[PDB]
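Take a look at the structure below.
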Amino acid sequence: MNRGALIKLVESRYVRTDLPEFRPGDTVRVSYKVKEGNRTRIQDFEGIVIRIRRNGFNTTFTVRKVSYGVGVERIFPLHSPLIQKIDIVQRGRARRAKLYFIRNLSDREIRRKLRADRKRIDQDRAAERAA
Amino acid sequence: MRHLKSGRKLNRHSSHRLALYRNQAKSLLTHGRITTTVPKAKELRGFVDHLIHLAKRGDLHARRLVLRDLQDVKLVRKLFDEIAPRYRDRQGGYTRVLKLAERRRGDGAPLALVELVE
Amino acid sequence: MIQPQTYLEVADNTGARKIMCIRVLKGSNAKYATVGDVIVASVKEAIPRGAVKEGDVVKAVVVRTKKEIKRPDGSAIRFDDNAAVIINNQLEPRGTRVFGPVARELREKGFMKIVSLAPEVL
Amino acid sequence: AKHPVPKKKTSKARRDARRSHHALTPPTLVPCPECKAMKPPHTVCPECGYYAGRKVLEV
Amino acid sequence: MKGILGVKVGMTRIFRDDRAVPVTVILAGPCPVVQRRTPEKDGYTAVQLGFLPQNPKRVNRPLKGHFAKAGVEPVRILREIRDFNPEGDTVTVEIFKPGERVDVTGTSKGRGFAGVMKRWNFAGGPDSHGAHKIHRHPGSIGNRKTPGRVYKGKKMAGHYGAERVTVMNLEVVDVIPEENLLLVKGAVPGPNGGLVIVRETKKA
RNA sequence: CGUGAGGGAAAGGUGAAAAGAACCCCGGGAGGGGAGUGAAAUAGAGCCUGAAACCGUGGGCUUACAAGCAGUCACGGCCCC
RNA sequence: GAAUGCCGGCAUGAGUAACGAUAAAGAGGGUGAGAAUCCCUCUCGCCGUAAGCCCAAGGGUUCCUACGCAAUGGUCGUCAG
RNA sequence: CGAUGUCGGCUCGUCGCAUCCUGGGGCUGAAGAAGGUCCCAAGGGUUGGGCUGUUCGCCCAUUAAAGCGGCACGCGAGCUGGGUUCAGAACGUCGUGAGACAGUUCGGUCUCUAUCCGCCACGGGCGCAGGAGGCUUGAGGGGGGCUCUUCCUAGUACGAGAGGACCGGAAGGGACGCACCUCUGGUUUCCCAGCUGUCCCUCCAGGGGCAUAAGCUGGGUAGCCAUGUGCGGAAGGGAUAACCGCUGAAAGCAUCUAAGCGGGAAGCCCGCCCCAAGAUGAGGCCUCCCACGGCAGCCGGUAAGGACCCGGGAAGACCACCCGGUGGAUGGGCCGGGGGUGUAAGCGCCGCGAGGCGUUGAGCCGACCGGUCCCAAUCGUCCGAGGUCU
Ligand SMILES: [Mg+2]
Ligand SMILES: [Mg+2]
Ligand SMILES: [Mg+2]
Ligand SMILES: [Mg+2]
Ligand SMILES: [Mg+2]
Ligand SMILES: [Mg+2]
Ligand SMILES: [Mg+2]
Ligand SMILES: [Mg+2]
Ligand SMILES: [Mg+2]
Ligand SMILES: [Mg+2]
Ligand SMILES: [Mg+2]
Ligand SMILES: [Mg+2]
Ligand SMILES: [Mg+2]
Ligand SMILES: [Mg+2]
Ligand SMILES: [Mg+2]
Ligand SMILES: [Mg+2]
Ligand SMILES: [Mg+2]
Ligand SMILES: [Mg+2]
Ligand SMILES: [Mg+2]
Ligand SMILES: [Mg+2]
Ligand SMILES: [Mg+2]
Ligand SMILES: [Mg+2]
Ligand SMILES: [Mg+2]
Ligand SMILES: [Mg+2]
Ligand SMILES: [Mg+2]
Ligand SMILES: [Mg+2]
Ligand SMILES: [Mg+2]
Ligand SMILES: [Mg+2]
Ligand SMILES: [Mg+2]
Ligand SMILES: [Mg+2]
Ligand SMILES: [Mg+2]
Ligand SMILES: [Mg+2]
Ligand SMILES: [Mg+2]
Ligand SMILES: [Mg+2]
Ligand SMILES: [Mg+2]
Ligand SMILES: [Mg+2]
Ligand SMILES: [Mg+2]
Ligand SMILES: [Mg+2]
Ligand SMILES: [Mg+2]
Ligand SMILES: [Mg+2]
Ligand SMILES: [Mg+2]
Ligand SMILES: [Mg+2]
Ligand SMILES: [Mg+2]
Ligand SMILES: [Mg+2]
Ligand SMILES: [Mg+2]
Ligand SMILES: [Mg+2]
Ligand SMILES: [Mg+2]
Ligand SMILES: [Mg+2]
Ligand SMILES: [Mg+2]
Ligand SMILES: [Mg+2]
Ligand SMILES: [Mg+2]
Ligand SMILES: [Mg+2]
Ligand SMILES: [Mg+2]
Ligand SMILES: [Mg+2]
Ligand SMILES: [Mg+2]
Ligand SMILES: [Mg+2]
Ligand SMILES: [Mg+2]
Ligand SMILES: [Mg+2]
Ligand SMILES: [Mg+2]
Ligand SMILES: [Mg+2]
Ligand SMILES: [Mg+2]
Ligand SMILES: [Mg+2]
Ligand SMILES: [Mg+2]
Ligand SMILES: [Mg+2]
Ligand SMILES: [Mg+2]
Ligand SMILES: [Mg+2]
Ligand SMILES: [Mg+2]
Ligand SMILES: [Mg+2]
Ligand SMILES: [Mg+2]
Ligand SMILES: [Mg+2]
Ligand SMILES: [Mg+2]
Ligand SMILES: [Mg+2]
Ligand SMILES: [Mg+2]
Ligand SMILES: [Mg+2]
Ligand SMILES: [Mg+2]
Ligand SMILES: [Mg+2]
Ligand SMILES: [Mg+2]
Ligand SMILES: [Mg+2]
Ligand SMILES: [Mg+2]
Ligand SMILES: [Mg+2]
Ligand SMILES: [Mg+2]
Ligand SMILES: [Mg+2]
Ligand SMILES: [Mg+2]
Ligand SMILES: [Mg+2]
Ligand SMILES: [Mg+2]
Ligand SMILES: [Mg+2]
Ligand SMILES: [Mg+2]
Ligand SMILES: [Mg+2]
Ligand SMILES: [Mg+2]
Ligand SMILES: [Mg+2]
Ligand SMILES: [Mg+2]
Ligand SMILES: [Mg+2]
Ligand SMILES: [Mg+2]
Ligand SMILES: [Mg+2]
Ligand SMILES: [Mg+2]
Ligand SMILES: [Mg+2]
Ligand SMILES: [Mg+2]
Ligand SMILES: [Mg+2]
Ligand SMILES: [Mg+2]
Ligand SMILES: [Mg+2]
Ligand SMILES: [Mg+2]
Ligand SMILES: [Mg+2]
Ligand SMILES: [Mg+2]
Ligand SMILES: [Mg+2]
Ligand SMILES: [Mg+2]
Ligand SMILES: [Mg+2]
Ligand SMILES: [Mg+2]
Ligand SMILES: [Mg+2]
Ligand SMILES: [Mg+2]
Ligand SMILES: [Mg+2]
Ligand SMILES: [Mg+2]
Ligand SMILES: [Mg+2]
Ligand SMILES: [Mg+2]
Ligand SMILES: [Mg+2]
Ligand SMILES: [Mg+2]
Ligand SMILES: [Mg+2]
Ligand SMILES: [Mg+2]
Ligand SMILES: [Mg+2]
Ligand SMILES: [Mg+2]
Ligand SMILES: [Mg+2]
Ligand SMILES: [Mg+2]
Ligand SMILES: [Mg+2]
Ligand SMILES: [Mg+2]
Ligand SMILES: [Mg+2]
Ligand SMILES: [Mg+2]
Ligand SMILES: [Mg+2]
Ligand SMILES: [Mg+2]
Ligand SMILES: [Mg+2]
Ligand SMILES: [Mg+2]
Ligand SMILES: [Mg+2]
Ligand SMILES: [Mg+2]
Ligand SMILES: [Mg+2]
Ligand SMILES: [Mg+2]
Ligand SMILES: [Mg+2]
Ligand SMILES: [Mg+2]
Ligand SMILES: [Mg+2]
Ligand SMILES: [Mg+2]
Ligand SMILES: [Mg+2]
Ligand SMILES: [Mg+2]
Ligand SMILES: [Mg+2]
Ligand SMILES: [Mg+2]
Ligand SMILES: [Mg+2]
Ligand SMILES: [Mg+2]
Ligand SMILES: [Mg+2]
Ligand SMILES: [Mg+2]
Ligand SMILES: [Mg+2]
Ligand SMILES: [Mg+2]
Ligand SMILES: [Mg+2]
Ligand SMILES: [Mg+2]
Ligand SMILES: [Mg+2]
Ligand SMILES: [Mg+2]
Ligand SMILES: [Mg+2]
Ligand SMILES: [Mg+2]
Ligand SMILES: [Mg+2]
Ligand SMILES: [Mg+2]
Ligand SMILES: [Mg+2]
Ligand SMILES: [Mg+2]
Ligand SMILES: [Mg+2]
Ligand SMILES: [Mg+2]
Ligand SMILES: [Mg+2]
Ligand SMILES: [Mg+2]
Ligand SMILES: [Mg+2]
Ligand SMILES: [Mg+2]
Ligand SMILES: [Mg+2]
Ligand SMILES: [Mg+2]
Ligand SMILES: [Mg+2]
Ligand SMILES: [Mg+2]
Ligand SMILES: [Mg+2]
Ligand SMILES: [Mg+2]
Ligand SMILES: [Mg+2]
Ligand SMILES: [Mg+2]
Ligand SMILES: [Mg+2]
Ligand SMILES: [Mg+2]
Ligand SMILES: [Mg+2]
Ligand SMILES: [Mg+2]
Ligand SMILES: [Mg+2]
Ligand SMILES: [Mg+2]
Ligand SMILES: [Mg+2]
Ligand SMILES: [Mg+2]
Ligand SMILES: [Mg+2]
Ligand SMILES: [Mg+2]
Ligand SMILES: [Mg+2]
Ligand SMILES: [Mg+2]
Ligand SMILES: [Mg+2]
Ligand SMILES: [Mg+2]
Ligand SMILES: [Mg+2]
Ligand SMILES: [Mg+2]
Ligand SMILES: [Mg+2]
Ligand SMILES: [Mg+2]
Ligand SMILES: [Mg+2]
Ligand SMILES: [Mg+2]
Ligand SMILES: [Mg+2]
Ligand SMILES: [Mg+2]
Ligand SMILES: [Mg+2]
Ligand SMILES: [Mg+2]
Ligand SMILES: [Mg+2]
Ligand SMILES: [Mg+2]
Ligand SMILES: [Mg+2]
Ligand SMILES: [Mg+2]
Ligand SMILES: [Mg+2]
Ligand SMILES: [Mg+2]
Ligand SMILES: [Mg+2]
Ligand SMILES: [Mg+2]
Ligand SMILES: [Mg+2]
Ligand SMILES: [Mg+2]
Ligand SMILES: [Mg+2]
Ligand SMILES: [Mg+2]
Ligand SMILES: [Mg+2]
Ligand SMILES: [Mg+2]
Ligand SMILES: [Mg+2]
Ligand SMILES: [Mg+2]
Ligand SMILES: [Mg+2]
Ligand SMILES: [Mg+2]
Ligand SMILES: [Mg+2]
Ligand SMILES: [Mg+2]
Ligand SMILES: [Mg+2]
Ligand SMILES: [Mg+2]
Ligand SMILES: [Mg+2]
Ligand SMILES: [Mg+2]
Ligand SMILES: [Mg+2]
Ligand SMILES: [Mg+2]
Ligand SMILES: [Mg+2]
Ligand SMILES: [Mg+2]
Ligand SMILES: [Mg+2]
Ligand SMILES: [Mg+2]
Ligand SMILES: [Mg+2]
Ligand SMILES: [Mg+2]
Ligand SMILES: [Mg+2]
Ligand SMILES: [Zn+2]
């Protein structure tokens, strides 16, 4: 038998592909489905993705932002059905896979360290010219 | 526990074990055949096979990579021009280990020959 | 993941600035408090002339933790500080306002007033 | 610690009983198909250098 | 009682009603009936299940005679399920439906020779304040002249793991008959690739 | 051994005679096996006699459901004269 | 038959602890009855206000060469104070 | 007294029950709720801090509760060494003095190797009348056994009010236990990258050693893990304790009792989980080989089978166990995928230059999931029934 393929087979029913590719350093807006009573709403979480943790279907990514003076990080299953959509708000160029160091950086220093990724910003503008 | 852990330790710290593999590689590529203990011989198969495989690719990058481990430019030149071409159609298995019958006197260690395949 | 000796920011306007957990009010011998749990705490720093002062033994609910909170949807949330809101024995806030975001787990635990005073609920 | 020490001399019987597991096992030996000499299996013959039906070794 | 022999394939999680559900995937069937135990013949009731077909060039004669008397191809494992008498001659994952609770038995992972701290969760010793070569030691193992001995069953260092363990009352999350796949919520003893037994739970 | 004053051992025996084993054989040697010497060689120099603890090889009886200051009294089995 | 007696011999513990700095080794060639351990070559590592060099104490042939390996060398030894 | 280490703590328990809590009760000056008192009950549980060497105790914050005792005031060949009782020093005090006190104060060597019994683990032997390969029964053991909150019933019964149930039902916890690694979080000694100083290869470029037994730093797969995840305590049946009865004499009444029957605890037996036929009382079932030569015995060749040897393994100190051995994917290589790192080298272009841009998510690349006979498990050897008697 092939245990890996059987696992990927069990996972195939839940894998999604509607979501856009992104990298640590990009600024991402996650429209996430949320319960509160007696309704369920969509809440946007927008921030820098500081980590993508790859394990196929079990890939997860972590988005950091500041909300009202307090840093907040959210971990999202990349194939979670509670994610309505992800929007790319900005492409950043990082020099490493994990951006933990930005937790100890001022706003100014972060802007200095993660500058706009021109090559991929243009790549998105080249695409997005559709028929 | 050692569950699914790969790689012998050979009672050497990390940089000594690496220098053992590099040194045995130089000796194997120089003479074609050496005698060692069985566990050293077994571990050397994979180390040297990788360097021979890079010599088969033949590019500059591969030559610089192999030189990280071998350091001897005349030896790498021999590996690229004489050793690697005789393995053009062979996919893996560039080395074989055969066990020798008599143990070593002073410590009883079992021995083996390691050699490049024809 | 709060225990006795842990310092916490005070996310309200009672006058307290730092409290030190001395008990996790979660049964006989809970080891840790997380968002939504009540603690007993000593007030280690307060601004002059507030509702609570230094030396007061107070109750508070944990509203955000540095140890990430796991949710049943498979996601998690984590904050940069350990923050609490001082409460009275009826679980109501002793202050009039609440600063910074708070975990949504609070709503489900019965701290409705604190949740609506917050500027954000994550 | 406090230096443990044998309380009694071990008897001849108990000393030799403990050694009931000490006898050597003879070496495992098979005949070499080429030269019929006894030798360990899975080793190159030390008498004629043959293994897998071919010469591997000057001997 | 109903049961089936299986292989632990791996762990993952699925999404069910906007909840992440941790699951262990088990390849269970198909299991041929190789022998039945009856009260007249054996003094009790059970079915001997077979699992994983084997190279006949590896099956010796007394085993071959056992299979052939059942009209069964050579199989790698024989295990009995006590108090199970299936109507068919082949047990498959379809004996379980989603929502049922099951007990799962496997061979736990082997720690080999394990200390008192890993095996019995002893507290060990201090790591400073003068502690002298006893950081992971068990401390006292007894009293003094009364009783002048150590109790049977005293918890001490030794082999730990590689033993039969049953985890009880696991929810069946899905059944995929096309691939003989059982999805069970939670953790299941042993390594991936290990043999397991899945039975209907004994917890009411 | 102690800086020193000073302290302070162990250790005898082939045979009548060296006739102290040429030479051959295994072994690198040690050691042995033959040959030979001798009344005698388990008198062969690690040598008169050669006790005991202690170690080993062979043989008889015996022993893996059994409670022991190890013996003693009884009966039976086996082996030997 | 005892004096924690005296002298000597030989046991037990036991094929057990240990083999003396965690600076570190590998291969090829040679010698030899025998080689992880001796010689030679290449690779590797360690010291370098020394773990290098000179002098004075003290030691007293340990120096050099040939031949040798019973013992000494914590193993081995063809090597060696 | 030719030595039985002495307070307290830590660690590890185990036991008693005169019971702190939880379970079951009777009485109450028990309306309810909450108590008081006694009876049954040792299954489990019995928190974290401040002070002090402390045991104890007081105090803080909780709790269902923060029980008391025994085990050489349990446990120093298990640890500590704060107390205390060697040598130093000082104060108070006593003594002409040398010194003295248990009064105080600061300091003050806690010994690598387990022979036997015992304990935790693991084998080897022989036995279980033929020799074997499987699958099992469970005698007998062990493990486990805790408990709170909220809600519904119902703001009902009860009560002037405040307050506030029984019974029955639902949800959520704390601590603990077993397993696990999908997620969360660790580690990940060389999987990748960046950096300094020096020496070196080969001058540039690109690299290598060393700076730890990783030079430093930023990351990090598998594995092993908790802080993460699943699951457990039951249910249920049976017999009881205190206690409550039914029927009922002796004793015309009465009486739970003398005949007989019922109810009744977290406790007892079983039920759950794990070990288990050396259970010598050595059990059962399925299948396999066969009555072989030569003198309840010996000797030899075989059968079914096994062992040796070899490639290995989330199995493991050795041993054992498990898989595989060319009729083969067992390990190693190689290939694909996963995964980490985060855009190699070389070349081109921009810049005086450090650098930047492009080629390029490139290059490198352990273990994870597979494929592939390229390399290696060659060739073989040895053992192993002829089945005692009634
Ligand atoms: Mg997988
Ligand atoms: Mg498939
Ligand atoms: Mg919002
Ligand atoms: Mg931001
Ligand atoms: Mg949706
Ligand atoms: Mg292990
Ligand atoms: Mg380890
Ligand atoms: Mg290994
Ligand atoms: Mg492996
Ligand atoms: Mg390695
Ligand atoms: Mg090592
Ligand atoms: Mg070693
Ligand atoms: Mg070494
Ligand atoms: Mg180093
Ligand atoms: Mg090194
Ligand atoms: Mg091995
Ligand atoms: Mg071989
Ligand atoms: Mg061998
Ligand atoms: Mg030698
Ligand atoms: Mg004050
Ligand atoms: Mg704030
Ligand atoms: Mg000690
Ligand atoms: Mg001691
Ligand atoms: Mg000791
Ligand atoms: Mg010590
Ligand atoms: Mg000792
Ligand atoms: Mg003793
Ligand atoms: Mg004897
Ligand atoms: Mg013995
Ligand atoms: Mg010859
Ligand atoms: Mg199993
Ligand atoms: Mg331990
Ligand atoms: Mg532990
Ligand atoms: Mg454990
Ligand atoms: Mg501890
Ligand atoms: Mg401590
Ligand atoms: Mg600790
Ligand atoms: Mg100490
Ligand atoms: Mg010490
Ligand atoms: Mg220590
Ligand atoms: Mg101990
Ligand atoms: Mg006793
Ligand atoms: Mg085991
Ligand atoms: Mg489903
Ligand atoms: Mg596994
Ligand atoms: Mg003197
Ligand atoms: Mg002298
Ligand atoms: Mg004298
Ligand atoms: Mg004398
Ligand atoms: Mg004379
Ligand atoms: Mg004489
Ligand atoms: Mg002679
Ligand atoms: Mg001669
Ligand atoms: Mg000779
Ligand atoms: Mg000769
Ligand atoms: Mg001679
Ligand atoms: Mg001889
Ligand atoms: Mg004569
Ligand atoms: Mg005569
Ligand atoms: Mg004589
Ligand atoms: Mg004589
Ligand atoms: Mg005489
Ligand atoms: Mg004599
Ligand atoms: Mg003699
Ligand atoms: Mg004998
Ligand atoms: Mg008996
Ligand atoms: Mg007997
Ligand atoms: Mg007797
Ligand atoms: Mg009699
Ligand atoms: Mg006498
Ligand atoms: Mg004595
Ligand atoms: Mg004496
Ligand atoms: Mg004595
Ligand atoms: Mg004496
Ligand atoms: Mg005497
Ligand atoms: Mg004496
Ligand atoms: Mg003596
Ligand atoms: Mg001795
Ligand atoms: Mg001695
Ligand atoms: Mg040994
Ligand atoms: Mg040894
Ligand atoms: Mg010993
Ligand atoms: Mg030992
Ligand atoms: Mg020593
Ligand atoms: Mg040792
Ligand atoms: Mg030493
Ligand atoms: Mg050393
Ligand atoms: Mg050599
Ligand atoms: Mg040589
Ligand atoms: Mg040598
Ligand atoms: Mg030699
Ligand atoms: Mg050496
Ligand atoms: Mg040399
Ligand atoms: Mg210098
Ligand atoms: Mg001298
Ligand atoms: Mg000179
Ligand atoms: Mg000289
Ligand atoms: Mg010489
Ligand atoms: Mg010598
Ligand atoms: Mg010698
Ligand atoms: Mg010698
Ligand atoms: Mg001489
Ligand atoms: Mg010597
Ligand atoms: Mg020597
Ligand atoms: Mg020495
Ligand atoms: Mg010589
Ligand atoms: Mg010398
Ligand atoms: Mg010299
Ligand atoms: Mg005394
Ligand atoms: Mg004495
Ligand atoms: Mg005595
Ligand atoms: Mg004594
Ligand atoms: Mg106690
Ligand atoms: Mg009582
Ligand atoms: Mg009580
Ligand atoms: Mg009660
Ligand atoms: Mg009242
Ligand atoms: Mg009441
Ligand atoms: Mg009462
Ligand atoms: Mg009563
Ligand atoms: Mg109890
Ligand atoms: Mg008890
Ligand atoms: Mg108790
Ligand atoms: Mg307390
Ligand atoms: Mg303190
Ligand atoms: Mg303090
Ligand atoms: Mg304290
Ligand atoms: Mg105290
Ligand atoms: Mg006190
Ligand atoms: Mg007081
Ligand atoms: Mg309370
Ligand atoms: Mg209570
Ligand atoms: Mg006591
Ligand atoms: Mg007392
Ligand atoms: Mg006392
Ligand atoms: Mg005591
Ligand atoms: Mg006590
Ligand atoms: Mg004690
Ligand atoms: Mg001590
Ligand atoms: Mg003590
Ligand atoms: Mg003791
Ligand atoms: Mg002691
Ligand atoms: Mg002790
Ligand atoms: Mg002291
Ligand atoms: Mg001290
Ligand atoms: Mg003191
Ligand atoms: Mg005191
Ligand atoms: Mg003195
Ligand atoms: Mg003193
Ligand atoms: Mg004193
Ligand atoms: Mg003083
Ligand atoms: Mg005075
Ligand atoms: Mg006085
Ligand atoms: Mg006085
Ligand atoms: Mg006076
Ligand atoms: Mg005076
Ligand atoms: Mg006195
Ligand atoms: Mg005094
Ligand atoms: Mg005194
Ligand atoms: Mg004083
Ligand atoms: Mg001091
Ligand atoms: Mg003192
Ligand atoms: Mg001393
Ligand atoms: Mg001692
Ligand atoms: Mg020892
Ligand atoms: Mg022992
Ligand atoms: Mg004893
Ligand atoms: Mg056995
Ligand atoms: Mg055995
Ligand atoms: Mg049966
Ligand atoms: Mg039983
Ligand atoms: Mg028994
Ligand atoms: Mg039981
Ligand atoms: Mg109501
Ligand atoms: Mg009313
Ligand atoms: Mg109820
Ligand atoms: Mg519960
Ligand atoms: Mg994983
Ligand atoms: Mg993980
Ligand atoms: Mg994960
Ligand atoms: Mg992580
Ligand atoms: Mg490397
Ligand atoms: Mg460098
Ligand atoms: Mg240079
Ligand atoms: Mg050069
Ligand atoms: Mg350069
Ligand atoms: Mg260097
Ligand atoms: Mg250096
Ligand atoms: Mg170093
Ligand atoms: Mg490095
Ligand atoms: Mg740095
Ligand atoms: Mg990290
Ligand atoms: Mg690192
Ligand atoms: Mg990892
Ligand atoms: Mg945990
Ligand atoms: Mg009943
Ligand atoms: Mg009545
Ligand atoms: Mg009546
Ligand atoms: Mg009457
Ligand atoms: Mg009656
Ligand atoms: Mg009844
Ligand atoms: Mg009754
Ligand atoms: Mg009734
Ligand atoms: Mg219960
Ligand atoms: Mg079993
Ligand atoms: Mg049996
Ligand atoms: Mg059995
Ligand atoms: Mg019995
Ligand atoms: Mg049987
Ligand atoms: Mg056969
Ligand atoms: Mg192995
Ligand atoms: Mg062995
Ligand atoms: Mg077996
Ligand atoms: Mg088997
Ligand atoms: Mg096999
Ligand atoms: Mg074969
Ligand atoms: Mg074949
Ligand atoms: Mg393979
Ligand atoms: Mg492969
Ligand atoms: Mg690969
Ligand atoms: Mg990939
Ligand atoms: Mg990737
Ligand atoms: Mg680039
Ligand atoms: Mg230019
Ligand atoms: Mg790849
Ligand atoms: Mg082949
Ligand atoms: Mg194929
Ligand atoms: Mg053969
Ligand atoms: Zn041959």
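To find a chain, count down the sequence lines: A is the first, B the second, and so on, and within it residues start at 1.
- Proximity of E/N60 to the phosphate of H/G306: a side-chain N or O atom is located under 4.0 Å from OP1 or OP2.
- For B/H16, no side-chain nitrogen or oxygen approaches OP1 or OP2 of G/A23 to under 4.0 Å.
- Under 4.0 angstrom from either OP1 or OP2 of H/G232 there lies at least one side-chain N or O belonging to E/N169.
- Contact check, E/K203 against H/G233: a side-chain N or O comes under 4.0 Å of OP1 or OP2.
- Straight-line distance between the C1' atoms of H/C38 and H/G74: roughly 35 Å, to the nearest whole Å.
- Here E/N192 does not reach the OP1 or OP2 of H/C369: none of its side-chain N or O atoms lies under 4.0 Å away.
- Only the P atoms considered, H/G218 is 12 Å distant from H/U188, to the nearest whole Å.
- Under a 3.5 Å limit on both donor-acceptor distances, the bases of H/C299 and H/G293 meet the Watson-Crick or G-U wobble criterion.
- Base pair annotation for H/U360 with H/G124: unpaired, by the Watson-Crick or G-U wobble rule (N1-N3 plus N6-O4 or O6-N4, or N1-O2 plus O6-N3, under 3.5 Å).
- Using atom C1' as the reference point in both H/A90 and H/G107, the two lie 12 Å apart (nearest Å).
- Only the P atoms considered, H/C231 is 47 Å distant from H/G8, to the nearest whole Å.
- Ring-plane geometry between A/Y14 and A/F57 is classed as tilted, the angle between the planes lying from 30 to 60 degrees on a 0 to 90 degree scale.
- Here E/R61 does not reach the OP1 or OP2 of H/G133: none of its side-chain N or O atoms lies under 4.0 Å away.
- Interface remark: the C/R23 side chain does form a donor-acceptor pair with the H/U47 base, using a distance-only criterion of under 3.5 Å.
- Evaluation of D/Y51 against the base of H/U378 yields a stacking contact (centre distance < 5.5 Å, interplanar angle < 30°).
- With rounding to whole Å, E/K155 atom NZ is found 13 Å from H/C176 atom P.
- If you check every strand for non-hydrogen atoms under 4.0 Å, A/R3 touches sugar and phosphate atoms only.
- For RNA chain G, the stems formed by at least three consecutive Watson-Crick or G-U pairs, with both atom-pair distances below 3.5 Å, span G:25-30 with G:38-43.
- Taking 4.0 angstrom as the limit, B/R105 places none of its side-chain polar atoms (N or O) nearer than this to OP1 or OP2 of G/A35.
- The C1' atoms of H/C106 and H/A89 are separated by 8 Å, rounded to the nearest whole Å.
- Contact annotation for D/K7: base contact, defined as any heavy-atom pair under 4.0 Å involving a base atom.
- A sub-4.0 Å separation between OP1 or OP2 of H/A367 and a side-chain N or O of B/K5 is absent.
- Between H/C178 and H/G327, the two key atom distances do not both fall under 3.5 Å in a Watson-Crick or G-U wobble layout, so no such pair is counted.
- In this model, the phosphate group of H/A317 is approached by a side-chain N or O of E/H159 to a distance below 4.0 Å at OP1 or OP2.
- Taking 4.0 angstrom as the limit, E/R164 places a side-chain polar atom (N or O) nearer than this to OP1 or OP2 of H/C274.
- Between the base of H/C12 and the side chain of E/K154 there is no donor-acceptor pair shorter than 3.5 Å.
- Residue E/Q54 has no polar side-chain atom (N or O) positioned under 4.0 Å from OP1 or OP2 of H/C323.
- Residues B/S15 and B/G108 both approach RNA chain G. Their nearest nucleotides, taken by heavy-atom distance, put B/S15 toward the 5′ side.
- A donor-acceptor contact under 3.5 Å links the side chain of A/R23 to the base of H/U343.
- With hydrogens and angles left out, the side chain of E/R37 and the base of H/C135 share a donor-acceptor pair within 3.5 Å.
- Taking atom P in both H/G281 and H/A304, one finds a spacing of 36 Å when rounded to whole Å.
- With both distances under 3.5 Å, H/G67 pairs with H/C17 in Watson-Crick or G-U wobble fashion.
- Among the protein residues, E/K8 comes within range of the sugar-phosphate backbone only, with heavy atoms under 4.0 Å from sugar or phosphate atoms but none that close to a base.
- As judged by a 4.0 angstrom heavy-atom cut-off over every strand, E/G148 is placed among residues making no nucleic acid contact.
- Taking only side-chain nitrogens and oxygens, A/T60 comes nearer than 4.0 Å to OP1 or OP2 of H/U184.
- A donor and an acceptor atom sit less than 3.5 Å apart, one in the side chain of C/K67 and one in the base of H/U227.
- On a pure distance criterion of 3.5 Å, no polar donor-acceptor pair joins the side chain of D/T10 and the base of G/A14.
- Under 4.0 angstrom from either OP1 or OP2 of H/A222 there lies no side-chain N or O belonging to B/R2.
- For the OP1/OP2 pair of H/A315 and a distance below 4.0 Å, the side-chain nitrogens and oxygens of B/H3 include at least one atom meeting the criterion.
- Remark: H/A100 pairs with H/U93, satisfying the Watson-Crick or G-U wobble criterion at under 3.5 Å for both atom pairs.
- Taking atom P on both nucleotides, H/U147 is separated from H/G118 by 39 Å, rounded to a whole Å.
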